[PDB]
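Before any questions on binding or motion, here is one chain by itself as structure tokens, the form deposited in one PDB entry.
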């Protein structure tokens, strides 16, 4: 059912890139996948990837927002989703937490608690961009069953690659590889690439074949995500 793409993963950030891919194909812009070992409950030094704005992620950890965030509190005692309605922010700090989360563009969304077969505990949060809460919830109920299946697939394949530490060698791209991939990332079709760089269509298909193997992946959309994730393009 298309979810199989995750358990064929080279490692942590091909997997993290496929997760963002499916989450974007559903209609969510920003997502986060957190996971912890079986009975570790210190939310610092956890396995956390996704595409939350890096400024917000670094601030979330330095402020210890894990012990005030109403979503992760919920994941420790329930296995059902929690929606980011204003009702979940009750305390003085939760309001301050909420207003800062919206500044990072995380106004609407939901969090799916994760509980692995071996004791893992984590969260899978997805944020949606809408004009109002009513329009956001009509869409979130539109995709909830698909989303419900996704969180259990992301945790099975995620639990196997999360706590592995195989240091992946660095990846450097040529002068032309980065530019041809830069256009692929913003959805340019391969023929459209040929006419911008004044090369042949096979010239870019050839290049991307080198780009996909330099990252160890099997799809160019996934490789384009890992490039912006590592800051190598754009």
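Residue numbers count along the first chain shown, from 1.
The next section is about a form of this same protein that is not shown, the form deposited with a partner chain bound.
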Identify, from the list 99, 129, 135, 85, the residue with a heavy atom within 4.5 Å of its partner chain in the deposited bound form. 85
Heavy atoms within 4.5 Å of its partner chain in the deposited bound form: does residue 103 have any? no
Does residue 107 reach its partner chain in the deposited bound form, with heavy atoms at most 4.5 Å apart? no
Looking at the partner-bound form in the deposited bound form, is residue 161 within 4.5 Å of its partner chain by any heavy atom? no
Are any of the heavy atoms in residue 27 no more than 4.5 Å from a heavy atom of its partner chain in the deposited bound form? no
